[PDB]
2 protein chains.
Amino acid sequence: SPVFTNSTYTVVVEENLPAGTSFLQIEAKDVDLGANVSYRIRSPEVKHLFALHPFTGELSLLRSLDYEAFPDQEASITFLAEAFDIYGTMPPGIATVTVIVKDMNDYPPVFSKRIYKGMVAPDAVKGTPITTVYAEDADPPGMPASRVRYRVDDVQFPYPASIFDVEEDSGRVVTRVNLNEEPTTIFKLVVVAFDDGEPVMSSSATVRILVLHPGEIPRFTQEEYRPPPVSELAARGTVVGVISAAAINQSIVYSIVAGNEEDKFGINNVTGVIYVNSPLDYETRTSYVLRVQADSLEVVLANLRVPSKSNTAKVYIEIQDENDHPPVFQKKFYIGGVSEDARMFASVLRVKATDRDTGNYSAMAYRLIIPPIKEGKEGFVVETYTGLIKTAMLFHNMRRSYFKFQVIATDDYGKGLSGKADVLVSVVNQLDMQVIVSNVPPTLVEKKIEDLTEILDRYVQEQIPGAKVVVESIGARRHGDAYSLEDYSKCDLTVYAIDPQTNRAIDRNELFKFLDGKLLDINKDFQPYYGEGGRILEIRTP
Amino acid sequence: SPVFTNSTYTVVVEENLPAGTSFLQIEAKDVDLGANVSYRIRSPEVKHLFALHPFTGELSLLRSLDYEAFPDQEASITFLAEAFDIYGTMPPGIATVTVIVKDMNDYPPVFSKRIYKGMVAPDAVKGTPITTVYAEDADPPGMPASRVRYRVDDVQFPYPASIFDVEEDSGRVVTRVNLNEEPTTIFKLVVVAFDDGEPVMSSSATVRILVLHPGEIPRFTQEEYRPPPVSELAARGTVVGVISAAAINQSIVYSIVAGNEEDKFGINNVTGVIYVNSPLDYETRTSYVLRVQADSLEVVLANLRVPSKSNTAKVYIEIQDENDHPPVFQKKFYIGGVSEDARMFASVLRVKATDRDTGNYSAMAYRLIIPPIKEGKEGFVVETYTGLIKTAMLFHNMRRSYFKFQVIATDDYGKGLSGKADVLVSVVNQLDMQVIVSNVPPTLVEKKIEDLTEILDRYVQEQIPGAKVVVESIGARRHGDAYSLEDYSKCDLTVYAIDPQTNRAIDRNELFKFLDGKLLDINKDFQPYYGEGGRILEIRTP
Ligand SMILES: *[C@@H]1O[C@H](CO)[C@@H](O[C@@H]2O[C@H](CO)[C@@H](O[C@@H]3O[C@H](CO[C@H]4O[C@H](CO)[C@@H](O)[C@H](O)[C@@H]4O)[C@@H](O)[C@H](O[C@H]4O[C@H](CO)[C@@H](O)[C@H](O)[C@@H]4O)[C@@H]3O)[C@H](O)[C@H]2NC(C)=O)[C@H](O)[C@H]1NC(C)=O
Ligand SMILES: *[C@@H]1O[C@H](CO)[C@@H](O[C@@H]2O[C@H](CO)[C@@H](O[C@@H]3O[C@H](CO[C@H]4O[C@H](CO)[C@@H](O)[C@H](O)[C@@H]4O)[C@@H](O)[C@H](O[C@H]4O[C@H](CO)[C@@H](O)[C@H](O)[C@@H]4O)[C@@H]3O)[C@H](O)[C@H]2NC(C)=O)[C@H](O)[C@H]1NC(C)=O
Ligand SMILES: *[C@@H]1O[C@H](CO)[C@@H](O[C@@H]2O[C@H](CO)[C@@H](O[C@@H]3O[C@H](CO[C@H]4O[C@H](CO)[C@@H](O)[C@H](O)[C@@H]4O)[C@@H](O)[C@H](O[C@H]4O[C@H](CO)[C@@H](O)[C@H](O)[C@@H]4O)[C@@H]3O)[C@H](O)[C@H]2NC(C)=O)[C@H](O)[C@H]1NC(C)=O
Ligand SMILES: *[C@@H]1O[C@H](CO)[C@@H](O[C@@H]2O[C@H](CO)[C@@H](O[C@@H]3O[C@H](CO[C@H]4O[C@H](CO)[C@@H](O)[C@H](O)[C@@H]4O)[C@@H](O)[C@H](O[C@H]4O[C@H](CO)[C@@H](O)[C@H](O)[C@@H]4O)[C@@H]3O)[C@H](O)[C@H]2NC(C)=O)[C@H](O)[C@H]1NC(C)=O
Ligand SMILES: *[C@@H]1O[C@H](CO)[C@@H](O[C@@H]2O[C@H](CO)[C@@H](O[C@@H]3O[C@H](CO[C@H]4O[C@H](CO)[C@@H](O)[C@H](O)[C@@H]4O)[C@@H](O)[C@H](O[C@H]4O[C@H](CO)[C@@H](O)[C@H](O)[C@@H]4O)[C@@H]3O)[C@H](O)[C@H]2NC(C)=O)[C@H](O)[C@H]1NC(C)=O
Ligand SMILES: *[C@@H]1O[C@H](CO)[C@@H](O[C@@H]2O[C@H](CO)[C@@H](O[C@@H]3O[C@H](CO[C@H]4O[C@H](CO)[C@@H](O)[C@H](O)[C@@H]4O)[C@@H](O)[C@H](O[C@H]4O[C@H](CO)[C@@H](O)[C@H](O)[C@@H]4O)[C@@H]3O)[C@H](O)[C@H]2NC(C)=O)[C@H](O)[C@H]1NC(C)=O
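Presented here is a report on the structure given in the accompanying data block.

1. Quick notes on the side chain of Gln293 of chain A
Residue and element names in this part refer to chain A.
- By secondary structure assignment, the location of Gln293 is in strand β22 (residues 290–295).
- A distance of 2.8 Å separates the side chain of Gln293 from the side chain of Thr312, its partner in a polar contact.
- In this structure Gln293 touches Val253, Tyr254, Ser255, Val257, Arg305, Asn311 and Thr312, once residues within four positions along its chain are discounted.

Okay, here's the thing in structure tokens:
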């Protein structure tokens, strides 16, 4: 008589476990005779899953349990078990068996990809986003056992795992510490996905973390650039030089941030050739301080500028001197006078021309264009590198004649633009000059004769508008009352003036009554160029 | 009749546990009547430790167990327990109770100090030693339960704990990752000491990690230094300038590594004053490229140099021009000649003096020291800023007389060292000169008269050792056979020479037979200074 000890059993059965595990012991006993009580289940669907020993009574697995193999309309599963005998002893017992399936991990978690990629900064702050690692569930949801959980392992790769820690719930790969490493290094970050239920099933993946590409800090060929000097006659398009910087496998974009407030130079963005954008002159500034910046391709692509000190260079562009302006004269009419007895190599006048803005020159070559002169003679010539006009030939018996010539001035020994001025040379004798007798030694007269010439010019130009005083000769005191020699320590200063209104001789009686008419002012205005000495004694006709 | 179920019990008893825990149930039963079996221990030393209920039989603690409270001569502890009754039923039972004490943590671990200090590098590599954290055991040793174990906790300080990990067995605090942080930041690293036994007892400590002190990279006041120019007359001790660099709270030690291979300059190590170590001249180099290094105090103390690019500056020291050398003359004897009829402002000679190494000058002032001259007259004077000697007075009826004067030369209009040379001036008339008749126009003679003077000097110095040819005057062709005028397009070149051996006149017949004796070579050597023209026709006495 097989009877059951208890009619209802309730056992929570773990699913997806490997076969061979025994869970429950169901026991029935024969009252009359026998310990060979046999067990049979009235459920064909769990015969594949469970295997029940018909002699001991242990319930073991033949195939691993699947909750989806059961109908989904039952949150509690109940079947029936009968018990028989070999001979067939009666009464037969009827009991109920309730199998409770625990809801946990069914399939191991599967990653979406095998290999992931990312990028980090060499100075990445705490919490920098890199990439997203996500795996599928392969699990009927609705419980915290269907939620993936991420962590790092340092038993095989301690260097990536101690630096980059994956967030627990979101799976975001952030920076746990501030890293300080070398670029172009590929790490192996093994991330193990696991759930939070019974026997944990897990897999492995690989996260390939490359840092960046170098070429971040540009290296100039020269810290301070000095091009060769460019001419002041340069126009738009003149290449004054080129700047160059080197970086590891990156393109360099150049730009000018300061130094061209007058908008004089420009640079190409992809090459670095600095060319003239507006013509430079000597009236403007002659030296510039240009600030050239060099940037990598990665910071231009990410709208940044390189945060270094060695990204700034200085360019000094100096302007050289060329031919730009024609020479100008001090006066357009240079007036001098020569005597009839004046041999060759005699000093006449000093023609001086200056450039208005050009200072390259050291000496200027002068040329003369001559009108024809009588008796087959030839006119004046001038020294080349000096400009000092000399007397060419003797001019005997020529009264009030004037020899007008033109001086051609061109800088740097002659190449380019030209200028022209007029030179008036008069011929004089004793019938047109006068002798001023002074009480001064001859040493005070000679070393400052041009200043005394200018002061006598200021004297003579007050009485008649327009005069040029030319000192012909200086001598000792020999022009007295009876033309005798009295004192060897005094002087006869022969002073002559030329009227530019007629380009001819001024009468000697006119200059006589001019210089004798203002004597009390002439004796006072002759003061500052003394040195020492006395008064002006008299003025005598030669 | 109280009898025991079993005579010997063996229970491993946990030590140092809080009181109230029950471990063993000892059971005795009365055969006749009673369930109130009472228990008494025969050990006075465990009465403080253990408390035994005389009605139920549970063994609970009254005081926590100490292994040192027991005698140390027993590795196994055994006492005796009797059992009585209220009425005193017989036979009494005798049993043995063996108490086994488990050997684990007795006292919690105690640190040696509360606060520890350390220092780290801003670029510290993996495994950099910092400090030593060590705690006492407070435990009788001889088991792995008396070994301390260190780990970090990131629940309250995630930033220090994720960066610095303490070694497990040695307690050495190393760098787990490469840190990249800011200086002067004090961290709080809580290290919890724990053993590897039963109920873990633990305490807490604090590790104060300061990084370093800044001032590592020096900042120059100028990247490129240019002192004002120093004189060439400077000696040892002249301060040409000073260099300065700034750092955060650190001292700067200066040194020169390149630029002074001739050992010209030196610098003070604690201030930066650059002074002259050897006198600089213009014969040496005029511009230097000095490389000045600035180092922090921490790298000098640790025998290092700062690993930057902005630790190098360039110093350009330029030398200005001062008075160093006296002026030298081209020749110590300048020889010229004047006529008897030579008025004032007449060109005589050009005295030229140059400095041997000084190039500051633009014009040189000359002075004359005169011997006394007859008739109350006064001697020669010279122009100040030119050096051109002019004729002072007329020299009538003076035959073969020479007027020797001395020229004083001092650069920069006169301040300092002086020089002296001799000047010989002779007086000539028509009785000592000669006339050379040539077939050349006058335009070819005047512009190159000094070169023709040098060629005539080379002519005359071949016949007599020592002569100086001075061209007195140039004229048109008027010295013929009968002293008549024939051609106005030809020249009379009056050529005169002075003998320095007597400082007097050379005879005109001597120069006549000199220049007439070598005529076929003179007509060929006169070639390169033509321009154009013909031959030399004749030589006629004036
Ligand atoms: C800027 O750009 C330049 C040029 O573009 C880069 O230079 C190249 O760098 C790559 C990467 O390192 C080189 O590619 C590899 O070269 C190896 C040759 O090894 C040499 O050097 C080692 C160490 O000194 C010697 O022992 C050896 O004998 C060689 O002399 C190859 O063996 C590699 O092939 C292997 O790897 C690849 C990729 O994994 C596989 O597909 C192959 O099948 C093989 O397994 C590889 O080709 C390249 O040679 C470099 N070029 C030059 C001209 O030097 C710079 O690196 C870059 N700058 C930075 C900072 O990255
Ligand atoms: C180095 O890099 C710099 C900066 O990147 C360059 O400067 C840029 O140059 C481009 C090319 O000219 C500019 O792009 C164009 O800008 C025009 C703006 O016109 C201004 O200037 C004119 C003349 O002074 C004024 O009359 C006018 O009012 C504006 O003030 C736009 O109108 C252009 O758009 C037209 O052309 C494009 C292309 O054909 C069409 O698609 C459009 O629909 C439209 O018809 C054009 O965008 C740019 O603006 C400049 N940037 C700056 C900041 O100024 C340098 O040129 C470069 N160096 C070299 C040598 O190339
Ligand atoms: C800006 O400034 C620079 C430098 O100051 C000027 O260059 C000078 O130009 C002048 C004029 O040409 C030079 O002066 C002359 O130099 C001659 C040297 O000749 C050289 O070149 C020729 C042709 O290549 C060669 O055949 C020869 O062998 C030489 O290598 C001298 O021989 C000249 O002297 C002669 O002429 C003068 C005047 O007529 C006479 O008085 C002399 O006795 C002699 O017969 C003359 O000195 C000068 O040398 C140049 N300087 C330099 C440093 O080269 C630029 O010209 C100026 N810019 C402009 C636009 O003009
Ligand atoms: C190079 O050397 C200079 C000078 O030696 C240093 O400058 C000093 O730095 C220290 C440390 O920071 C300063 O000391 C502290 O100053 C506090 C004043 O706080 C001011 O600033 C805050 C923030 O702007 C304002 O809110 C506030 O109102 C003040 O204006 C004091 O409050 C501090 O006292 C507290 O801390 C100490 C130490 O823990 C305790 O003992 C006190 O009881 C109190 O709790 C402290 O004194 C100092 O003031 C700075 N001096 C100057 C002149 O500025 C540089 O820091 C150094 N360079 C580097 C890189 O470190
Ligand atoms: C900036 O910093 C530099 C480097 O630190 C300094 O150079 C050092 O200067 C000190 C001070 O003179 C030197 O110390 C002494 O060196 C002597 C070596 O003598 C040499 O030179 C002499 C003269 O040319 C030779 O005759 C001789 O043979 C050697 O070649 C030692 O003899 C000294 O020791 C004696 O003096 C000390 C102190 O009194 C005693 O304790 C000793 O027992 C012994 O009697 C002394 O050590 C040092 O050597 C220099 N360093 C280098 C690398 O040369 C600069 O001086 C400093 N700038 C300034 C302005 O101070
Ligand atoms: C290295 O080179 C420098 C620059 O080339 C020299 O400095 C020059 O020195 C000379 C000589 O003294 C100067 O030439 C003269 O300058 C006078 C200007 O006087 C100034 O100074 C005085 C005193 O402080 C003031 O009272 C006055 O108001 C002025 O401020 C001119 O007046 C001079 O001209 C007079 O003398 C000459 C010669 O006799 C006459 O021909 C004139 O007609 C006039 O009467 C004279 O020009 C020159 O100016 C200085 N240059 C500069 C830029 O200052 C250094 O001297 C030299 N080194 C050495 C060691 O000598």
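2. Details of the packing of aromatic side chains
Residues and elements named next belong to chain A.
- On inspection of all chains with the given rule, the structure shows 10 aromatic pairs over all chains.
- With a centroid separation of 5.4 Å and an interplanar angle of 45 degrees, the aromatic rings of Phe380 and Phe405 are classed as tilted. With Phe380 in the loop between β28 (365–369) and β29 (388–390) and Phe405 in strand β30 (residues 402–410), this residue pair connects regions lying 25 residues apart in the sequence. Comparing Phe380 with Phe405 shows no difference in burial state: the two are buried.

3. Describing helix α4 (residues 449–463) of chain A
- Given a rise of 1.5 Å per residue, 15 residues ought to cover 21 Å, and the 22 Å separating the end C-alpha atoms of α4 of chain A matches this to within 8%.
- Residues of α4 of chain A that are buried in the fold lie against α3 (443–446), β33 (468–476), β34 (491–499), α5 (508–517) and α6 (519–525) of chain A.

4. With respect to the interface of chain B and chain A
- Each partner contributes to the interface: chain B provides 43 residues, whereas chain A provides 42 residues.
- Together, the buried faces of chain B and chain A total about 3,800 Å²; carbon and sulfur atoms form 52% of this surface.
- Summed over the shared surface of chain B and chain A, the number is two salt bridges.
- A salt bridge links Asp154 of chain B to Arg176 of chain A; the shortest N-O distance between them is 2.8 Å.
- Viewed at the interface, chain A and chain B are joined by 11 residue pairs in polar contact.
- Among the elements of the structure, α3 (443–446) and β33 (468–476) of chain B are those that each provide at least two residues to the side of chain B that touches chain A.
- Element by element, the count of residues in the side of chain B that touches chain A is highest for β33 of chain B, at four residues.

5. A word on the sheet that holds strand β4 (residues 38–41) of chain A
Residues and elements named next belong to chain A.
- Reading across the sheet, the four strands line up as β2-β8-β7-β4 and stay open at both edges, with mixed pairing between neighbours. Each edge of the sheet is formed by a strand with only one pairing partner; in this case those strands are β2 (8–13) and β4. Here the average twist between neighbouring strands, direction ignored, is 30 degrees.
- Inspection of the sheet shows β2 paired to strand β8 (residues 94–101) by six bridges, in the parallel sense. The residue of β8 that forms the bridge with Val11 is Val99.

6. Some words on the site of ligand 3
Residue and element names in this part refer to chain A.
- Taken together, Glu322, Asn360, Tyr385, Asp412, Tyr413 and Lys415 are the residues near ligand 3.
- The contact in question runs from an oxygen atom of ligand 3 to an N or O atom on the side chain of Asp412, over 2.9 Å.
- When ligand 3 sits alone it has 1,100 Å² of accessible area, and the protein chains cover 27% of it.
- Residue classes in the shell around ligand 3 are distributed as two nonpolar, one polar and three charged.

7. Here we look at the nonpolar core
- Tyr150, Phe164 and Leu189 of chain A together with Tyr150, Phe164 and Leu189 of chain B are the most contacted members of the largest nonpolar core, which totals 50 residues.
- When contributions to this core are tallied by element, the ones reaching two or more residues are β10 (149–152), β11 (164–166), β13 (191–194) and β14 (206–209) of chain A together with β10 (149–152), β11 (164–166), β13 (191–194) and β14 (206–209) of chain B.
- If sequence neighbours within four positions are ignored, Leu189 of chain A has contacts with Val152, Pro160, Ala161, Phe164, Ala205, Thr206, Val207 and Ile209 of chain A.
- Of all hydrophobic cores here, the second largest spans 28 residues; its members include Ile436, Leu452, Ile506 and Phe526 of chain A.

8. A few points about the environment of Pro109 of chain A
- If you trace the backbone, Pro109 of chain A turns up in the loop between β8 and β9 (115–118).
- As a C-alpha pair, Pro109 of chain A and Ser146 of chain A span 37 residues in sequence and 9.3 Å in three-dimensional space.

9. Considerations on the sheet that holds strand β28 (residues 365–369) of chain B
Residues and elements named next belong to chain B.
- The sheet built from four strands is open, its strands ordered β25-β31-β30-β28 with mixed pairing. The open sheet terminates on both sides in strands that have one partner only, identified here as β25 (333–339) and β28. Recorded for the sheet is a direction-independent mean angle of 30 degrees between the axes of neighbouring strands.
- In terms of strand pairing, strand β30 (residues 402–410) meets strand β31 (residues 419–428) through eight bridges, oriented antiparallel. If you follow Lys404 over to β31, its bridge partner there is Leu424.

10. Topic: the pairing of strand β31 (residues 419–428) of chain A
Residue and element names in this part refer to chain A.
- The element β31 is extensively covered by neighbouring structure, given that nine of its 10 residues are classed as buried.
- The sheet contact formed by strand β25 (residues 333–339) and β31 spans seven bridges and is parallel. Along β31, the bridge assignment pairs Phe333 with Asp422.

11. Quick look at the environment of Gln250 of chain A
All names here are of chain A.
- Position of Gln250 among the secondary structure elements: in the loop between β18 (245–246) and β19 (253–258).
- By relative accessible area, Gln250 is classed as buried at 16%.
- Ignoring anything within four residues of it in the chain, the contact list for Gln250 reads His213, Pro214, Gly215, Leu297 and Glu298.
- In terms of polar contacts, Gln250 uses its side chain to reach the side chain of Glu298, at 3.5 Å.

12. Considering the pattern of salt bridges
- Throughout the structure, instances matching the rule amount to 24 salt bridges over all chains.
- The partner of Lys490 of chain B in a salt bridge is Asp487 of chain B, and the shortest N-O contact between them spans 3.1 Å.
- A residue is classified by how much of its surface remains accessible, and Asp487 of chain B, at 29% relative accessible area, is partly exposed.
- If you follow the salt bridges from partner to partner, you end up with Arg477, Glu486, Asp487 and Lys490 of chain A in one network.

13. Focus: the relation of the copies chain B and chain A
- Overlaying chain B with chain A gives an RMSD of 0.0 Å, the required rotation being 179 degrees about an axis along which the chain moves by 0.3 Å. In the structure described here, the two chain copies are related by an operation that fits a two-fold rotation axis.

14. Looking at unusual backbone geometry
- With an omega of -5 degrees, the peptide bond running from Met90 of chain A to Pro91 of chain A counts as cis.
- As for its position among the elements, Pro91 of chain A is in the loop between β7 (77–84) and β8.
- Within the chain, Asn16 of chain B stands out as a residue other than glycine whose phi angle is a positive 60 degrees.
- Position of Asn16 of chain B among the secondary structure elements: in the loop between β2 (8–13) and β3 (28–30).
- For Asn16 of chain B, a relative accessible area of 16% gives the class buried.

15. Topic: helix α5 (residues 508–517) of chain B
Residue and element names in this part refer to chain B.
- All of the buried residues along α5 are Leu511, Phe514 and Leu515. Looking down the long axis of α5, one finds its buried residues gathered within 85 degrees of arc, a one-sided arrangement. Exposed positions of α5 whose direction lies more than 90 degrees from the buried face are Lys513 and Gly517.
- Buried residues belonging to α5 abut β32 (434–438), α4 (449–463), β34 (491–499), α6 (519–525) and β36 (536–540).

Scoring rules and cut-offs
Residues numbered from 1 in each chain as written, not as in the entry; some residues may be left out. Chains lettered and ligands numbered in written order. Heavy atoms only, no water. Helix = DSSP H or I, 4+ residues; strand = E, 2+ residues; numbered from the N terminus. Polar contact = N/O pair within 3.5 Å; in protein donor to acceptor, adjacent residues only side chain to side chain. Contact = heavy atoms within 4.5 Å. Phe/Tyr/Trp six-rings, centres within 6.5 Å; stacked < 30°, edge-to-face > 60°. Buried < 20%, exposed > 50% of the residue type's maximum accessible area, 1.4 Å probe, protein only. Expected span 1.5 Å × (residues − 1). Buried area = accessible area lost by both parts, 1.4 Å probe. Salt bridge = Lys/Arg side-chain N within 4 Å of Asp/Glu carboxyl O. Pairing = 2+ DSSP bridges. Axes fitted to C-alpha atoms, helices over the stretch in contact; angles between N-to-C directions. Near = heavy atom within 4 Å. Areas by Shrake-Rupley, 256 points an atom, 1.4 Å probe, with all protein chains shown as cover. Nonpolar A, V, L, I, M, F, W, Y, C, P; charged D, E, K, R; others polar. Core = buried A, V, L, I, M, F, W, Y, C linked by side-chain atoms within 4.5 Å. Least-squares fit on C-alpha atoms. Arc of directions from axis to C-beta.

Purely spatial values, then, with no claim about function.
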